[PDB]
Each structure stands twice: as C-alpha cells, then as structure tokens.
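A closer look at the structure
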Amino acid sequence: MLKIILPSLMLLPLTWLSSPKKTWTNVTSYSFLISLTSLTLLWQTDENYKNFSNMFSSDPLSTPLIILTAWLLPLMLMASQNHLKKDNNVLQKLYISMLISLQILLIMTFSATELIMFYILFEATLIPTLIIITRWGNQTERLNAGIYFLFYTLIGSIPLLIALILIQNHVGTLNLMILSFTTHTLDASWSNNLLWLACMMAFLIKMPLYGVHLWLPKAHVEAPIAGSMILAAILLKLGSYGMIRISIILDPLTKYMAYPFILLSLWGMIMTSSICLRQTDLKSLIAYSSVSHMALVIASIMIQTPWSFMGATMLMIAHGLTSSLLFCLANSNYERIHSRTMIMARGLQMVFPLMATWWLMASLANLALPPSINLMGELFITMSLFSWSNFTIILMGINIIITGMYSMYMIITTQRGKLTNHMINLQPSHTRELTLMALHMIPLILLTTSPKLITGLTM
Amino acid sequence: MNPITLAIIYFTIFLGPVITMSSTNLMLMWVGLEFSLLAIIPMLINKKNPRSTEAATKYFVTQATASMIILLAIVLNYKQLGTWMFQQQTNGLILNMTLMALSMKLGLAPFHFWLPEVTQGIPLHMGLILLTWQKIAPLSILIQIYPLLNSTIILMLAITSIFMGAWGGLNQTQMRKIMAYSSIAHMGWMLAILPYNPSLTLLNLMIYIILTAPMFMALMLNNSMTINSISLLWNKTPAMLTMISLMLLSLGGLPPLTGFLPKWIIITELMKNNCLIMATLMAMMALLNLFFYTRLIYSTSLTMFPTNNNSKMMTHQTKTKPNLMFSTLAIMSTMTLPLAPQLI
Amino acid sequence: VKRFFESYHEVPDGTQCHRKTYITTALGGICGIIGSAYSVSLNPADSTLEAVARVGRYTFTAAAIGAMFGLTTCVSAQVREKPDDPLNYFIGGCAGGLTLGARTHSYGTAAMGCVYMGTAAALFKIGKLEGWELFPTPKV
Amino acid sequence: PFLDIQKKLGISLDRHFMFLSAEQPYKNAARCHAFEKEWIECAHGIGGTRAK
Amino acid sequence: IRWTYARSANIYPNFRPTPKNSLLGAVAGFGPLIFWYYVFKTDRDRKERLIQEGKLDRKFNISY
Amino acid sequence: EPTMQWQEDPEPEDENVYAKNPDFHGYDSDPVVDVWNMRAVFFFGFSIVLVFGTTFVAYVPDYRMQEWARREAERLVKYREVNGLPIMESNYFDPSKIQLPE
Amino acid sequence: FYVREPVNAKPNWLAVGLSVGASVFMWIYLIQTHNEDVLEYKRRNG
Amino acid sequence: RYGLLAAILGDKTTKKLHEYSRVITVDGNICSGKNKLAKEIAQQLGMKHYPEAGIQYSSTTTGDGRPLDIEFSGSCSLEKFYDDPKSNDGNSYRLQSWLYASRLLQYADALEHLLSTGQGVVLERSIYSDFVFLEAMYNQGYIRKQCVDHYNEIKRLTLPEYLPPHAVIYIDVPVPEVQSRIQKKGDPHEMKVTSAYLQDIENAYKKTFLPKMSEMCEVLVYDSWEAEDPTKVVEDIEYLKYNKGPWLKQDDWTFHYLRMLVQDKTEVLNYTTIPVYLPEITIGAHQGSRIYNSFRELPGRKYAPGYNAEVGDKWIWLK
Amino acid sequence: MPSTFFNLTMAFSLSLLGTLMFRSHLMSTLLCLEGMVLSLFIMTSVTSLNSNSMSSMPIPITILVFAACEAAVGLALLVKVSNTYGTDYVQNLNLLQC
Amino acid sequence: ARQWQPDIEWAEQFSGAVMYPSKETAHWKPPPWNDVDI
Amino acid sequence: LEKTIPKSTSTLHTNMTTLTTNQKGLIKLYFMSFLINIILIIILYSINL
Amino acid sequence: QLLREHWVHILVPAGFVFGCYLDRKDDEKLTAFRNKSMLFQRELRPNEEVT
Amino acid sequence: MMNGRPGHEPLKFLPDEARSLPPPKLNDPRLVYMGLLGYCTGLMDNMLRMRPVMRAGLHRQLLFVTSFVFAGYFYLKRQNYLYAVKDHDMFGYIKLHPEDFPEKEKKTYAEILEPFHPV
Amino acid sequence: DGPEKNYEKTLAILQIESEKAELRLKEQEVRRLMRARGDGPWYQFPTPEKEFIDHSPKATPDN
Ligand SMILES: Nc1ncnc2c1ncn2[C@@H]1O[C@H](COP(=O)(O)OP(=O)(O)OP(=O)(O)O)[C@@H](O)[C@H]1O
C-alpha cells in the first residue's frame, strides 16, 4: 500500500520545489502514474482477502473507492487550472498540496482496518475541505457553509468515538474480521439501542438524510469545482463504507432500528427529487439529486441483504463519477458567464455542438438509462426493498419518474432552447475540459462492460 | 526594574514552584506558593497604570484568601494527627477546602471570574507566565494527594469550567481573555482525569503550554491583542499564519493534530472507570472552543480583511524577534501525534 | 437525612404521587434558590424588593416545573401501565418545559425545554435502570 | 513525593521533622512517641490501602 | 439576481412563524412518514406470523 | 462630506485568450506549456492508463474464483450424479459430531 | 546594494563552527553509545 | 548588539552624554530660512542635521536608497492635494498620516543616533509640530472630524513614550512675506495655497505649540532678520540652560528601555497601523495583496537584507 | 483546649466572611487577613506546645514573616491605587470588564 | 467577477468590545490600544 | 429544518453566553459568589458524608 | 546546467521503490506460519528453498 | 502511578537494568520522523525570519536534526523500559495469584448455542 | 506470488491481534485488583518513612 501512498507523499515536495512552468504537468502526469499503479489490488485471484499488516488492508468494497479517488485527484487538478490563474504560484501550490493530502487521507482510511484509525482520518478529511471552501470560493456565505460542514461532521464524530471506546473495552480489540470472528448478540435494551445510534449517527449525518441534507447545497454551491467533486464523490462514501464495515456487530438491532431511517430516507429522496424540478441554482439541483440517490444507498445499506449491498456499491460508484462530471460541466458554463443560474444561459448546442453529448451522456446515466451500473444498482436495490416489503416500489417509481423529469428539464433549459444574444463571452470549449468529460465518462463504459470488479462483498 | 531586581524576581519565580514540589512538607508548599505570588505581582504592575494596579489588587486578594485557607487545612491536619503531611485518615472537609483553595488559585470555575480581567490588564510576556508557570505547583500538590480526593466535586468543578469557559469564549474578542478561557477549559479536562491517572494531567498541561507559549510569542511580536488588529498579519508578516491556524485548530483538539490525543486517552480512562456521561458532556462541549478558534482562523488566514496604509511604511522595515523555539514548539505540537505511545 | 430525596425510589413509578410531587417541587425550589442567589450576587438590581421578586419568580417557576413533571410521571405510570419504560419521564419533561415556556411567554423556549428536559429525564431513568453510575469512584 | 531530588542527593532538609517522633533537640520526647513509632513501623514496607 | 435572492436567501430573515404554517410544516414532516410506517410494520408482521405458521410459499426465493 | 468608498482596485474586465493565442488549449497562456501539458495529459492518461489498465484488468485471472468454482461444480455434479447422492443436502455440517440439549 | 548592511550582512563563523562541532560530537557519541549497548545486550542475553 | 547584555557590559549612555548632546527643532512656517538656518547651526555646533521627512524617508533609508514608486509609498500626492482638495479620494488624510509616521521614524532614528553617540541632532518640523496642519485643514473644512480624532488618538498613543526636544526655535513670518517668498521660489502648486491656510497655521502655532511646550522645553521665538543673522542664535542656545524637562528625570536604565523600544523599528508603529476603519486610508485586501506581491518581487526586498542573492550578496548558505 | 480551638476556628471563619464580603473599603479586607493569620499562628503554637513538640515550632515564625511581607505588598498596592485614583474605595475598579 | 473579500460592515461587528450585544447591558465602550484610560 | 436544529442551537448558546459574560468587574460580587460556592460544597459533603 | 530542473523526476520512482522495499520488509516480518498452516503444508521438496 | 514500585531508583534516566533490552536500530521510523521534524522546523524558522528556504541555515538544519535524534534515541529507550517493566510486573502478579484468573476453556460451537437473527 | 502467502500472513496477523486483545482484557483486571486491594507493587501510595526516627533514650523513660 506504501507503493500507492509514498509517491502521493512525494508529489508534495515535488510541487513545492518544482518551477512554475512545469509543476502542473509534472504533478499531473505523476498522479496519473499513481492511479495506474493503484490497480495491483485487483489481482484478487481467490477469496482470501488482502492483508498487508496490522495497520492496512484492502477488500472488494474498498478497492473501487481507492482507485476512484486516485483517479479523481488529477481531474480536480485539471479542472482547477483556469481559475486561480491570476493567483500566485505559492497559493496554487497550497491548493495542490491540500488536494493531495485529501487523496492520501482517503486512501489510508478506505484501506485501514482499525476503525479508530479510520475515524481519525475520517475527521482529518475536514481541514483541507474547509480551507479549499473558504479560501477559494466566489461568494460570502461560504463561511457559514464551512461552519455547518465542520460542526455537523464533528457532532457525528463524537459519539462514534465514545462507542468505539466502549467496544475496545468490552471486546478486546477493534481490528476488523476479528470483530467478525468474535462478534456476539446483545440483550436488545435501551443501552445497546443508544449504542447503535452513537455508532451510525455520524455516518448518517455525513451521508445526508432528509433531516440533515442542509450542509450539502451550501458546500457544493459556495465551494469550487474540486471541493464539489470530492464531496459528491467520496466524502459521502466514507459514511457508507464505515456503516458497512461496522454494522457487522450490531445484529439484530438493525431490524427495528431502521424503520425511522428508511422512512426518512425514502420520503427525503422523494421531496428532494421534487425540489430538483424547481431549484434554480444548477449546482443545488445536482446536490439534491445526490441526496436522492444516497437515500437509496442508505435504505439498501440498513436492511442488510447481499443484492442490496452490491446495488449500493454500484450506484455509489456511478453517482460519484456522474456527479463529478455534471459539476465539471456546470463550472465550465460558469467560467464563461459567472452566474450559476439555469435560466440565464439558454439555447446552447448551436455553439457547443459537442459538449452537449457530454451533457446528454450524464443525464442518461442519472435517470438510470441502461446498460449502466446506475440502473443495475437502482434495480437490485429496488429488488431488495420489494422483498423487504411490497409497498416500496411505489416510492422507487415516484423517484424514477421525477428524475426522468428533472434531468431532461436541466438538459432543456441549457441545451435545447434558442441562443441568447448578449453572451459574447462564450469562449469555445477547451481541450482540457473536453478531456475531463471524456475521462469521467469512459470508465462508465468499461465498467458497464465488466462490472464483476464493482460488485461488492457478496460477489 | 533594573537588572538586579529583574534577576532576583525571575529567580524567586523559578524557585517558588521548585520548592513547592521538591518539598514534602505542606508548609514549604504554601511557602513556594507565596513566593510565586509575591515575586509575580511586580511583573504585572510594572507599567504602573491603573488597569495593571487593579488587576494586581484582584490577583493578590484572591490568592491570599486561598493561601490562608490551605494553611487552615494544614493546621487542622496537624491537630488531628501530628504530621505536617496529608495521610489517608483526614476528615474529607479538609480535602474539600484544600481543593476549593487550589481551584481559586488556578482559575477553575466558578472561582474563575478574576482571570479574564487580570489577563486583560496584563501585557503578554507576563500573562504567559501567569498561565504557564503558576498552575504547576498547585497541580503538584494534587499529584501528591490524588487518591483520597472527592471525585464528585472534582468532576462538577471541571465540567463547570468547561461550560463557562466555552460560553465566555464564544463572545470575548480580546485574545488575552480568549486564551484565559481556553486555559480554564483545559485545566477542567485535567482535574477531570486527575484522580484516575495523573500522568494524563501532566500531559494535558504540557500540551496546553506548548500551544500557548508560541501563540503568545506571535502576539508579543506585534502587540496585536484584538481580532481586527491580528487580521492584518497577512500584510505585516504573512508567514506566521501557516502555523497559527494549525496551533489554534490543535488547541481545539482536531484529530490529526495533537491537541486531540489528550481528550482521547482521557475519555478512554473515564470509560474504563464508567464516567461516560461526563465524558460525553466534555467531548460535546469542547466544540465551542473549536468554534471560537475557527472564527479567528477565518479572520486571519482564510480571508483577508481591510488593511491600513501605513503598513507599507512598516513593510519597508524588517523584524528579527521571532526566535527558533517558537517554530520548534509549534511543530512538536502539531506534527507529533504518531508519537503518543512514546509520550505515555 | 437525604431520605426526603431517596424515598423517590422506595416504590417504582406508580402511586405515591403526593410524595413524588413534593419531592420534585422541592428540587424546583432548590434550583430556584440557587440560581436566584447567583443572579442576585451578580447582575444586581435596584431594590431588595425587585431582587427578592426575581428570586421568587425563579423559585415558584422551578417549583411548578418540578410539580408538573413529577405529577405527569406519576399519572402516566398509573394509566399507561408500562412503568419502567422511560416515555413516562419523557412526556413529563416535555410538560415541564411547556410549563416553563407558558411562564416565560415564549413558545420557542417551551418546545426547546420540552425536547431537552424530556430527553434528560428519560436518560436519568435509563441510568437508574442500567446502573450507569454518576460521580463514580476509581477502580479502573 | 513528586520530585525526589532530595532522595536522589541522599539528603534531607524538611523531611527530618515531617512528623512528631523525630529527633527533638535535647532528647525531650513528645507525647505519643511510642504510638507513632508503632504506627510507622506497621505502615512501612507496605503502601496505603493495606495500612488504612 | 433579485428573484434568485428572494427564492434562496432572503427567506429565513423575513420569515415569521405563525400557526397554519407551523401546522403545515409539522404535517409535511410527520404525517406521511408515519402512514408509510404503519403500512410497512403491518405488512412485516403479517409476513412474520405467516412464516411462523409455516405457510407462505417461498419456493425459488433463493436470492433475496 | 456625504461619504466615501474604501479605496479598492476596480472590477477587472472580461478578456479573451484566443485573441492572443489562437493555438489555445485551456491550460496556460504560455503556448509551449499548453502544448506540452496537454500532450502529457493525453499520453499518460489515454495511451498508458486507460489502455494498459484495461488490459491488465481484462487479463486478470479468475476474479474471486468465478471460474474455478464453475469447474469445481461441474466435477462435483458429475461425481454425485454418478454415485447416486443428491446434488445438495439440506444439512451442511455432520449432525453426528454435533450435540444438543434437551 | 544596501546602505546599512546589518548583522546578517556577514556570517557568524563562531556559531557556525560551534554548531557543526556539537553536531558531529552528537553523532559520534550516539554511534559509540549504540555500539556499546549492542555489545552489552548481546553479552547479557547471549 | 544592544540587548540587555551590552548595557550590563558597559556600553551605557551617560558615559558619552557630553555637552551639546542635545536635541533641537527649528520650526516656523513654510518658506522661512529653515534649511539654511539649520545647516548653519549644525556646522557651528558639530551636530548632524536631519532633513524634513517627506514621503520617501523610509524608501531612501531602507534598501538601496532610491525614491520608490507611489503605489508602494503611501499613495499620496502633495501636488495633487494642492491642486484638488476636498475631493472624494482622501489625499488630505492619507497624506497627513503618512507624513506623521515618517516624521516619527525620523525622530526615532534621531534618538537612536543620540543615545548611541552623544552627537546631537537638529530637526525641522517634528511630530509635535505636525498637528497645526491638520487643525488648519479642519478649520478650513478640508477634512472630517472623524479623521481628526483618528489622528489625535495616534498622537496620544505614540507621542508620549518619547522624550520632548530640549530646544525649540520658532520663526514667525506672516502671510504676506511668506507669499512673497513663495512666488520668488516659484511653483504652480505652492503658488495656489491660501492666505487663510497660512494664517490658520500661524494661529495654531502661536496658540498651542508655544504655551504647551514652554513648560517642558526651552523656546526661542526669532524673526526673519534675526534668523538671517544665525550666529546670534548659536550663542543664545549655548549660553542657555536646559532645566524644566524630563530629559534629566532619566538615568541609564530608562534611557536603555527607551533605546530598546526605539531600536525596535515596529514597536514604534504597532500603534500607528492600528485597526480603526476610515474610507480615507482603509485599503482592501485585493489592493494590499497585489502591492505586497509586487514589492516582494522588487530587488532587494524579496528576502531580508543580508540574504538577497541577485543584488550581489554571497555566503547566503551559512547565515 | 477543644473549646478554645473551636472558637479560634470560628474566628478564622469570621475573618473569612469579612474578606469575602466588603463594605466599600480595602484596608478592612487586609485587616481581616491579618486576623486570619493571627488565629492560625496561635492555633499552630498551641498544637505544638500541647503536644510538647519543639522542632515544629519554626512554622509559626515562618508563616508570620510571610504574612507580614504579604500584607506589606498589599498595602503598597492599596497606596498606588489611592495615589492614582484619589481614594482607596472599591467601586472605582469597574474597568477590565471589556 | 472575483472572490468577494470582507469589508468594513463585516469587520465592524467585531470592533465592539464584545460580540453578541443582544442585551442592552452590552452598552460598554471599546478598550484602549495601549492599556491606558483617560 | 434550519429554524429547528442549527438556529435553535445558535440562539440557545448565544443567550447562555450573554448571561455568562454579562458580568461586571466588582470584587464585592465575585467574593459573594465564591462564598455561595463554598457553602454549596460544605453542604454537599455534609449530606453525602 | 539543467539537473536542478530535470532531477525532480527521480523522486516518484524512488518513492515506489521504497514502498515495495518496505512491503518486502513487512512480509519478511510475519514470516511465522511460513509453512505451518493447515491448508498449504508442503514437504519442502529438495532444492526448493522456503517461500 | 507506578512511581512507588519496588526500588524505583529515583530520577535516574536509564538504570543499568535497561542495558538488557534491544536498543532501536537507527533506521527506526520514529527517529526518522523526528529528523523530518527538525528539517521542517529549520524550514519554518527561515520562512519566519524571511530567509531563503531550502538553501540557507544549513548548519542550523544540521543542528536541529541531530539534536532531535540525539534526544529521541534516549527518550525512546526510557519508554521501552517503562513498557517492559509494566509487562513484567503484570505477568509476575498473574503468576502470584492465578485464582484471580480462572483459565476458562471455552466450549465448541457444537456445545454452545448461537441464537438466530435472520436477514 | 501465490495465495498461500497472503493466507499465512493473515494468520500471523490474527494471532498477534488476538493475543493483544487478551493482554489488554487482562491488564484492566490486574490494575483493578491492585488499586482495590493494594496487594501489589503498583499503586503503592506513599507512607511515612522510618529512618528519621530515633531509637535512643529520651531524657525520660516514658516516651
Ligand atoms: N504637513 C504638511 N502637509 C502638506 N504639505 C506640507 C507639510 N509640510 C510641508 N509641506 C510642503 O512642503 C514644502 C516644504 O518646503 P519649505 O518651504 O518648508 O522648505 P524649507 O525646509 O523651509 O527650506 P527652504 O524654505 O529654505 O527651501 C512646502 O511647500 C509645503 O507646502
């Protein structure tokens, strides 16, 4: 694993000392080399999981996130290469360093076994994000947004830690697969119930429900492309991975400790998908769509069925990539205009003839057009939920419909009307942003082709 | 203050605690306490301005009552047994009085409403000592007598300090008073852990010191004792920020830094000893300290406030005050979490 | 002799409302006296008249809070016969916070107090049941 | 104690009269000399909770 | 710009809580969740008692 | 007397890059740097990563044994079909070595 | 070229050589002590 | 160096405070014979003369000593003030504050020179003398009471900690003669000042500066021709005494603390760069950042003095 | 012995009240401090001479000297206060609350 | 457009000796900058 | 969902801070408070033995 | 010259080398159970030195 | 805590008893990290005094690094000693009092009943 | 290399971690017993010494 980390810990001094004319290219290409080397984990010949020490490990549920992160790093770099163009070399170097620290932390956590290490990394993820969001935004409320982000996250963090302590004491160790081979069952009293809470509350507060979805839009809006990318892609996924790895112990509590959370997740999926219709701000629309899909993820995580877990992982990866892509497109249309509003720029596709086909290929992946990992996940999760009850296809379908609606609303208020006549600032497409779109897409094709990699624990 | 006087006073200040600790007699302890008190008052009152004099009066009065109370305790112990030292056979009221006095002498709450006023009246190079070389002997006294204490009131006092310090820090702008409230809270953490494992109070104290001293160095730099006077650091000297931000987040106790480790292993001990409720309160109310550190991070680094023209006349100049130990302690605070086991 | 505060758990939640209510009202008066003493020693006012008026405001307020809370929890325990379950104490704390809000003339404070105090009481009951000790003694 | 500088140097400055039955100047023994000499001898070799 | 401001951020400041508003809010936040919940709980209890009896034809439900 | 505005530079203007470097690519205003960085991106991320990564993966063997297992099932089914045993017993562990209460 | 070339205008050979010498002596004492401890440890535990 | 150590070692101040180790001002109005007079005085009394601190004292002392660009230096313009006052920009106050600060730097370096070597100094208009201009501005209406209060606060903060000047000469020339000298010199900006301006200057001087300071420093009011005859001034000052002031309420150790404070070239200005927000001087982060970047891009200011390589330093990898 | 000792402890408590409650002066507080110190010195010497212990007698001397010096610096501070305000009152110290 | 940075109306809610003067009792005056009162 | 969780916490902590820093610098009051605390501690020990 | 510029490209390869070496050292540790397991317990055929 | 154990030689950094313990191979990651800390501290001091970083104060950096290591070495020895002592005392007390630790030999999953918890 | 490598590595790791868990779950108990009954070297609180006492005649037989 050091083979993945150490070079990512060398990109930093590399950035510091390299000359301005060359740091961008050098660090970018070498981060791509890191992404490449990050595939050794896929030599999972047999079912014996990979273990490198008492301090690291890998797994089928973690490897995807690792590669996706090591591959979203350079895309953040590139998408962060036209703005802050008049900001000093030292400042842009700081930005690069923060991105790289995010990468390294995310890798170490998605790999680590001991949930306490996982937790310290899960909470160290903040500093770079808070910074990136406050020191490089474009509005004023970014401050309140960062505050909300930080404090939601830490409120979650605390009882999680307290329960990790209670465990480490009652049980002997915290190492995973030992928690498995020596788990037990609980008398199911108010004590163990509040323990279940203090263990899942943080992961949920992070992966937003209806009740606490508030810090997502502010972040994705006030913050720049890279922060938006990384939020929509991974910093949510951390909660899901933690919940998956930890729920192994709390059996059986999660049968009746789920109804409220499943209910909230579904209702929130619906209401947020509806708001996605009448939400002006494009990035806010995208954020609420992300909420709508992560609600499915959660409803599939709780009930603990194998189909459900595989669908969760599929939809997870798919949404990560697709949201990064949509945010790239938004930023693109913003740098030329400097207004997030959806109804200002209209009737494109007459001057950006190609870009549309990078807009289209995203929506179709949002509304679950097959053959896509998106629909595979949505469908397996709907199957699990139908088994768990026959009266949830209702909500699945309402969500599918409202999505099929607002995805096209977005396509049609930006690439289907008639062109304005005062947007003389429409610098044509840059090879760079076209490349970012292509790189976010192509992997969707290859994974639609061969998804056995992207299944999960149960496959 | 001529050099002979300066040297003698610094010597007595460096002595008081040394005796208070190395002595096994409570009278010698009380003596060292009085040494610190006396030898310090001047350093507070040197400027001879009204505010300094007022702060001196407050400080002296409170610490006098405290010392006399501790003396009453010792004498009652004498009448009771005969020895000048505390044993495991002393009526708990005496311990409770000793604890009230030590608290009032430290700054714990609700005996704390005199620390912010004084620390606002004082300059920096004496508030630093007031917070980092006067809270040692009073803590050594406890280190000696931790077994037979009253956990109930110790915990009530600690958590009360947590709450009140945080709630006051949410408002106070004056950085001196902010630092004072932070001291209150951290000493609350210590007293909370104390009767279970003292080494952890030692650790919390050393860490709070290593985080405070360099902040006060960065302040002594400019005599910027206000938020709108420190926000101008990015135009006076844009270098201290990459370390001030870290140190304040640390004082808050963010995991990847070191300021977290104390709270972490402390909660561990309290969970071993079944105090998880108060542990939860402490952990869920340190977040306000974290808050009003973040709110200064904002003002200084993450966003640039309006400067003042004459700062150009300043920048034309130079400055070589900031010695090496500042950076040394900053680093050995922020980037030393991997070495917690080697710290225990 | 501390019996006036220990008797609260001689019987379970159930009858003896005339006792549980006196006890909760006593706690109300105590907390009121204490908070009033602090807010009189500090943040003083003009006349002893207004000072003791503030004191009595606080004291009667807390007394009524404790009375209403303990009474609700002795009544629910009687009717909804699932005594040990803490929803009794939660509803009682909600009614108490609502009384506090009706006194202070603030619906927001009413609801805030409902939530916070009710959950606090439910946790007190959870502790009394599962032996969670407060102000412990050191045995690592 | 806390900082055993005294025991390290093998000296004594205060701890030679920390209690009652120490060496009084002109051999004038105190009131409860014997009872102290027994309490201490029972509380030696062991620590604290044993003696209490 | 002003339209966006009024739809996005000028809301809470000029917002004043009153009844029928608190009422509609509590409704939208409580009612439907609880309806769906009673539905699901009744269904699950039906299924559970059916299985405990040992009747519900589960043939071919090998993957779930 | 009425009021004054805090001295501040004016709002910069909206410009064009293609007016001075119609060979643009999006990265920098230095053409050589643009060219070399875009060639780096493409090569290191279209020629090597995508291609060699896809190749590696596609030629990975028996990912999580979904091939060895098919083989093993074929062999076991042959064995049992011949020997008359059933293809799947409703009890996994030997109920003999096991022991139960009353 | 300045007008008031201050203290930093030229090096302090005293402190330079002092630091280098103390560093070298730290290194050498470290190595000697480590080798001594290795010898003695192997001696006392085979 | 002058830490406490050199003092303990012997490099004190009283051991070189000899005769004529004094400090003087030669104040008056705009075009009196100030510079010729002060230079005559300096030559006759072996002191050193410090010219009138303007808008470039800092840039000329620090670095390679060349008049820097206005963006880095204050952003004021005396010519633009004389041409267009009352504008919506703020030149009046963002010039007066800058000039006060530079004058303060002057006085500080002067006390340093003195307390290090008793060789006395002569000063033109000083920090005590740089408030009549502001009072004239306000009385004419060029400026806001808020800015006046800001200035008075800065003064209350800095002015005290330093020691007033032993001797103070005041040259009294009225508006008509001052205007004659103006027109003789010739300048399209000086040519446009107002007799009321100069009259307010004179009034403020002769009302505040003289009584205030006759109680804690020696004064000498002279006229045009008595100045044109300098030597008389020299002999007056020589045979004059220097009672009634703080400068003898001091000793080695207060002199030492004062010298340390002065030598500290930012303990003088941590109370002049204070955060009180006025749209006159108040500058935004964008401008401040741009200017700091350009300055640190300049040669000789990128790094500290003894480290900039390009300029032609060496041994830059040991110190 | 026990009676007089309890009474001396009562006197200490009374000086405690005198110091912890003011009547718009400062010399009263300092005099109550002196009363505390006197009661303590007395109780200690009594304990010693009752136990017939001798080596423990230096302690009253020590603490009496320290109380002398303490009250001395307190009086110096009182004096600076009076000479910088105009009197030794207590309600003049409304500063530092900002 | 460009990064919005703070300004006077944002910084002059801190100049007050204490944040959050939600009460009338927060009617005090800022403290001097040299620790001297008139 | 904003008036409930975050703005409620804000108002609450804000008011508690207003209280705990509405204090004026009067020893005549600080000492009375110290005395109340001493009384409390003594009484608690007495009850709990 | 040019190495001051074109040397930086040596770090990352060196980092990868160091990483593989550290993993090799870790795997050389934990050498216990080299062949003592109960599902890959061989006879150590001649001339076939240990894993 | 343990400062009263049998014959706790007071204020002695490393007793002779701490020569029968394997010292740390100088390649140890902890010492290496302290070296990095010294280097970064020199960097920070230079950037604070406004000096060329990575090419100034070489003697300063050497001093920092070597001091940090020269300390870490012996501090780490002391800590290894403390942990060894803790473990030794624990095992000794266990060997003294076995009854306080009944060697409960668990039962097989055959004899023990794992209760069920479906889905 | 082969799967057996990772297999046996996993096995050694599990052994280590289980032994660690055992040690900690025993250390808690040991420390508890020591603190509660002082039967051990740890938590040996400080007692009055016995070397600064006199065993010489004291000018009067009694005492
Ligand atoms: N505080 C001030 N504010 C604005 N302008 C000033 C200020 N002080 C001086 N000036 C301008 O600077 C110029 C100084 O020239 P001045 O006549 O004083 O020369 P001098 O030093 O008297 O020598 P001489 O007059 O013999 O040439 C004046 O024309 C005056 O307008």
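Per the deposited record, determination of this structure is attributed to cryo-EM, with the resolution reported as 3.82 Å.

Here we come to the pattern of salt bridges. A full pass over the atoms with the stated rule returns 54 salt bridges over all chains. Of the charged contacts in the structure, one is a salt bridge between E23 of chain D and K27 of chain D, with a shortest N-O distance of 2.5 Å. In this structure, the salt-bridge partner of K58 of chain N is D54 of chain N, at a minimum N-O distance of 3.2 Å. Each member of the pair, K58 of chain N as well as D54 of chain N, carries the same accessibility label: buried. Salt bridges linked by common partners bring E23 and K27 of chain D together with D54 and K58 of chain N together as one network.

This part covers the interface of chain B and chain H. Opposite the 33 residues of chain B that make contact, chain H presents 41 residues. Taking both partners together, chain B and chain H bury about 3200 Å²; carbon and sulfur atoms supply 60% of that area. Inspection of the region where chain B meets chain H yields one salt bridge. The partner of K321 of chain B in a salt bridge is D264 of chain H, with the nearest N and O atoms 3.5 Å apart. Our count for the contact surface shared by chain B and chain H stands at six residue pairs in polar contact. Secondary structure elements with two or more residues in the side of chain B that touches chain H: helix 1 (3–22), helix 10 (198–222), helix 11 (227–230), helix 12 (233–236) and helix 17 (311–315) of chain B. When residues in the side of chain B that touches chain H are grouped by element, the largest group, five residues, is from helix 17 of chain B. Residues that form the side of chain B that touches chain H fall into these classes: 13 nonpolar, 16 polar and four charged.

Take the state of the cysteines next. Residues and elements named next belong to chain C. Per the counting criterion, the structure on display carries two disulfides over all chains. A sulfur-sulfur separation of 2.0 Å characterises the disulfide bridge that pairs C17 with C74. Judged by the torsion about the S-S bond (-85°), the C17/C74 disulfide is left-handed. Taken together, the residues span a long stretch of sequence, with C17 in helix 2 (residues 17–41) and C74 in helix 3 (residues 48–79) at a distance of 57 residues.

So, how was this worked out
Residues numbered from 1 in each chain as written, not as in the entry; some residues may be left out. Chains lettered and ligands numbered in written order. Part of a larger assembly, values for the part shown. Heavy atoms only, no water. Salt bridge = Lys/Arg side-chain N within 4 Å of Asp/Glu carboxyl O. Buried < 20%, exposed > 50% of the residue type's maximum accessible area, 1.4 Å probe, protein only. Contact = heavy atoms within 4.5 Å. Buried area = accessible area lost by both parts, 1.4 Å probe. Polar contact = N/O pair within 3.5 Å; in protein donor to acceptor, adjacent residues only side chain to side chain. Helix = DSSP H or I, 4+ residues; strand = E, 2+ residues; numbered from the N terminus. Nonpolar A, V, L, I, M, F, W, Y, C, P; charged D, E, K, R; others polar. Disulfide = S-S within 2.5 Å.

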